[PDB]
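> Just need the structure, nothing else, for what follows:
(2 chains, ligands or ions: 4)
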Amino acid sequence: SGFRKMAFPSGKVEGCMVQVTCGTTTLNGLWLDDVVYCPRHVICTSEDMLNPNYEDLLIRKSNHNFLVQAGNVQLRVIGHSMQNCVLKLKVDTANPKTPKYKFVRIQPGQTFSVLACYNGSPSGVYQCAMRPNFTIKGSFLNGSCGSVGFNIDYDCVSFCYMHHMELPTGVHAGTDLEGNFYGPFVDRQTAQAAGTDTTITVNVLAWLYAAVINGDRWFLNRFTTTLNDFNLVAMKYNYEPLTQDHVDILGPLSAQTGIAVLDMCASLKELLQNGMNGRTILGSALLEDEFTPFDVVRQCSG
Amino acid sequence: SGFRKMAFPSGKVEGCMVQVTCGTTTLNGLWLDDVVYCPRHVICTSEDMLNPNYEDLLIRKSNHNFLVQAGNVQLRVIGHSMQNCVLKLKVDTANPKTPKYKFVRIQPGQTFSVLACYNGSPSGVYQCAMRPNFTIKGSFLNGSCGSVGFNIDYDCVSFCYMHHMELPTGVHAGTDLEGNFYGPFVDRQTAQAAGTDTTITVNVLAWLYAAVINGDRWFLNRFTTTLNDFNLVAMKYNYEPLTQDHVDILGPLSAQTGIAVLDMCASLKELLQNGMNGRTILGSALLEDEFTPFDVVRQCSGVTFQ
Ligand SMILES: N#Cc1ccccc1CN1CCCN(C(=O)c2cncc(Cl)c2)CC1
Ligand SMILES: N#Cc1ccccc1CN1CCCN(C(=O)c2cncc(Cl)c2)CC1
Ligand SMILES: [Cl-]
Ligand code: NA
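Residues are numbered from 1 along each chain as shown, chains lettered A, B, ... in the order given. Ligands and ions are numbered 1, 2, ... in the order given. Next comes the structure:
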């Protein structure tokens, strides 16, 4: 029993973290085979950040301008190129600790583990969700750029996030490993803001199923609802719409607990309309939306 | 900025996890140098569990009755001994991935990372605190015994917990790496229950200081309190007493934010009386007690957002 925000074991990713230095800037890189991946903003000075022309800044750099340190060993940079907002530094040694991996782009609502790093050294691991507004509520300080997000699908690491910046509200923005930003953000010091966020409905339902599996049932009721009436309520409370795809994905949890998805939707409707009335669910006074249906099944059954 | 429940990177511990089998029972073991540590209850049947005589059960076992599997490799057991509630299996290979490590016994209120494992293979990592009633609120299923708790302040792993059992209320109990249980618990299937738990006051204060460092001051007030009046009020909400040791430990956070410890105590007294009135603190609608003063300093910026 028990239910905790759980990250994947980070060992396979720790063996890939390196320190990348360009001029006075030091940040983190991901070393896979003979390539080190890092944010392209490593080549910028503070003044360049206002309106950088990355192609022009890069042409002025030689391979020896990039210092890559893996533990206490210097790696030799033998090539460099850009792919979208990530710099790819070709090195002379393949990482002997390279795990089986893929680069995947995740959808809003999906969760992943973040390995926070400073000077190429891992400092902590925590679980995040890609918000509907394409930000992540992480915990990052100066020097954390290049820290990565991932999931592990068996023995294969799926890298899905690389950290680039913090927005004025204290939330975080980054790219996939192909350098495409999540959300309408850019790698330049211009005015940017997180858009209004919404709650991930399918994940709140998954967490209510986790609460039932763990013995917390007070919120269950005799009522059911239709998908259309439930979505009229969800919109009023700034919850994402629930689709038939979401209902299908919750199928297994519904079968195990004997609570149909629309039966759980009626409990959620009541919680949104009346609050918790001084009670908690899995030790929380708010409805948690950062556990996917898969996360619940993986932790509660495996 | 941001504030999350953050665990230590688990790689140094993943390289130590093995599977231990004795008869039909399989659980996890920790392989450090040439010794595999695991719960001694691996030698019990379900019937043995009511009143096991571990010395009598162990004397009937030979080294070859213990099967230890590290990845896809079988390790050879060449010795065995019991130390309190842990079994120590001497093996013929030293773990080449053994990190720099130590065994530390922790006090209530201290936090640590748990690497949940099943069949010697890591499943997930999360942060836990040793509750005042000597239990932990973890996430463990059948097969998780032998999973360990640790901290990694620097490059040295400090192992502080080994998982043995789940109590009737769904909370968890275990030992230090010398086999001494935390709390009054025993490794037998008798009626035992967790004592009434309380909130870890020093950690809630640490977390209020984290909220101030990150730019939030809404909960502060113009008042102060004496330590004794604070404790009289706190104990009415089932909060642990705050001692002069706790006040001293909060000194650095107090100096960084400019808020005296007893002034933060007055804010906590008011939050206990009023609740949050629809507001949140670091994204929570409840007062958080599983971040120590040391955890706050590790994670937070050294510059407060004034
Ligand atoms: N791309 C981009 C971008 C876009 C707008 C502005 C600034 C940047 C880059 N910028 C500069 C490098 C240093 N930096 C951190 O190291 C950092 C990371 N996360 C959290 C914190 Cl508090 C600090 C901030 C990010
Ligand atoms: N020591 C002790 C003790 C003392 C009282 C009763 C039972 C035990 C041992 N017992 C038997 C082995 C299997 N088991 C789990 O694998 C387990 C762990 N954590 C959580 C869950 Cl749900 C299950 C339960 C623990
Ligand atoms: Cl301690
Ligand atoms: Na219902």
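> Most proximal residue of chain A with respect to ligand 3?
Nearest residue of chain A to ligand 3, counting by C-beta to the ion: residue A:124, 19.2 Å away. C-beta coordinates here come from the backbone N, C-alpha and C atoms, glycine included.
> Nearest spatial neighbour of residue A:97, chain-adjacent residues omitted?
Excluding the flanking residues, the one nearest residue A:97 by C-beta to C-beta, 6 or more residues apart in numbering or on different chains is residue A:15, at 3.3 Å.
> show me where chain A has strands.
Ranges of strands within chain A are A:17-22, A:25-32, A:35-39, A:66-70, A:73-75, A:77-83, A:86-91, A:100-103, A:111-118, A:121-129, A:148-152, A:156-166, A:172-175, based on DSSP state E.
> For residue A:69, name its beta-bridge partners.
Bridge pairing for residue A:69 (DSSP bridges) gives the partners residue A:19, residue A:74.
> I'd say it and residue A:27 touch.
No. Residue A:69 sits out of contact with residue A:27 when judged by C-beta atoms under 8 Å, with a separation of 11.8 Å.
> okay, these two: which has more neighbours?
residue A:27 (24 against 16; other C-beta atoms under 10 Å in any protein chain shown).
> Spell out which parts of chain A neighbour ligand 4.
A:221, A:223, A:263, A:266 (C-beta under 5 Å from the ion).
> Leaving out chain neighbours, which residue sits closest to the last one?
Using C-beta to C-beta, 6+ apart and skipping the chain neighbours, the partner closest in space to residue A:266 is residue A:223 (4.1 Å).
> what's near enough to touch that neighbour?
Contacts for residue A:223 (C-beta atoms under 8 Å, 6 or more residues apart in numbering or on different chains) come out as A:263, A:266, A:270.
> which of these lies closest to ligand 1?
Closest to ligand 1 out of the contacts of residue A:223 is residue A:270 (38.9 Å), distances taken as C-beta to the nearest ligand atom.
> In contact with the closest one, which residues?
So residue A:270 contacts A:219, A:221, A:223 (C-beta under 8 Å, 6+ apart).
> What distance do you get for the spatially closest residue to residue A:212 that is not a sequence neighbour to residue A:301?
Nearest-residue entry for residue A:212: residue A:257, 5.0 Å, with adjacent residues in sequence omitted and distances by C-beta to C-beta, 6+ apart. Distance of residue A:257 to residue A:301, given as C-beta to C-beta, to the nearest Å: 12 Å.
> just residue A:217 next, same as before
Look at residue A:217 and residue A:301: by C-beta to C-beta, they are 18 Å apart.
> Could you check which of these two has the larger neighbour count?
Taking residue A:217 and residue A:301 together and counting by other C-beta under 10 Å, residue A:217 has the greater number of neighbours (14 against 11).
> residues in contact with the more buried one?
Shown in contact with residue A:217 (C-beta under 8 Å, 6+ apart): residue A:211.
> returning to what we had before: now tabulate the contacts of residue A:270 in CSV and tack on distance to ligand 3.
Shown next, in CSV, are the contacts of residue A:270 (distance: C-beta to the ion, whole Å):
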residue, distance to ligand 3
A:219, 37
A:221, 44
A:223, 49
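> What is the nearest of the residues you listed to chain B?
residue A:219 (16.0 Å; C-beta to the nearest C-beta).
> Does the closest one touch residue A:205 like I think?
No. The criterion here is C-beta under 8 Å, and residue A:219 misses it with residue A:205 at 11.7 Å.
> Near ligand 1, which residues of the stretch 1-150 of chain A? Just list them.
Contact residues, the stretch 1-150 of chain A versus ligand 1 (C-beta under 6 Å from any ligand atom): A:39, A:41, A:140-145.
> same for ligand 2: which of those are within range?
Of the residues in these, proximity to ligand 2 by C-beta under 6 Å from any ligand atom holds for none.
> And for whichever residue of chain A sits closest to ligand 2, nearest residue in space, chain neighbours not counted?
Relative to ligand 2, the nearest point of chain A is residue A:1 (5.5 Å; C-beta to the nearest ligand atom). Spatially, and ignoring its direct neighbours in sequence, residue A:1 is nearest to residue B:170 (4.1 Å; C-beta to C-beta, 6+ apart).
> Quick one: the helices in chain A, in order.
Ranges of helices in chain A, per DSSP state H, are A:11-14, A:54-59, A:201-213, A:227-236, A:244-257, A:261-274, A:293-301.
> Only the buried residues of the fifth one, if you could.
Just to be clear, that refers to helix A:244-257. A:246-247, A:249-250, A:253-254, A:257 (16 or more other C-beta atoms under 10 Å in any protein chain shown).
> Repeat that for the last one.
By 16+ other C-beta under 10 Å, the buried positions in helix A:293-301 come out as A:293, A:295-297, A:299-300.
> export those residues to a markdown table and tack on distance to ligand 3?
Converted to a markdown table, those look like this (distance: C-beta to the ion, whole Å):
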| residue | distance to ligand 3 |
| --- | --- |
| A:293 | 38 |
| A:295 | 31 |
| A:296 | 33 |
| A:297 | 35 |
| A:299 | 28 |
| A:300 | 31 |
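> if we look at ligand 1, which of those are close to it?
Counting by C-beta under 6 Å from any ligand atom, nothing from these sits close to ligand 1.
> out of those residues, who's nearest chain B?
Set against chain B, the nearest of those by C-beta to the nearest C-beta is residue A:299 (6.2 Å).
> Now do the same contact list for that closest one.
Taking C-beta under 8 Å, 6+ apart, we find residue A:299 in contact with A:3-4, A:6, A:210, B:124, B:139.
> let's go with 7 Å and repeat that
Listed by C-beta atoms under 7 Å, 6 or more residues apart in numbering or on different chains, the contact partners of residue A:299 are A:3, A:6, B:139.
> just residue A:204 next, same as before
A:268, A:287-289.
> Please apply the same query to residue A:205.
A:250, A:261, A:264, A:268.
> Neighbour-wise, give me the winner out of these.
residue A:264 (26 neighbours).
> does it really touch residue A:208, like I thought?
Yes. Using C-beta atoms under 7 Å, residue A:264 makes contact with residue A:208 at a distance of 5.6 Å.
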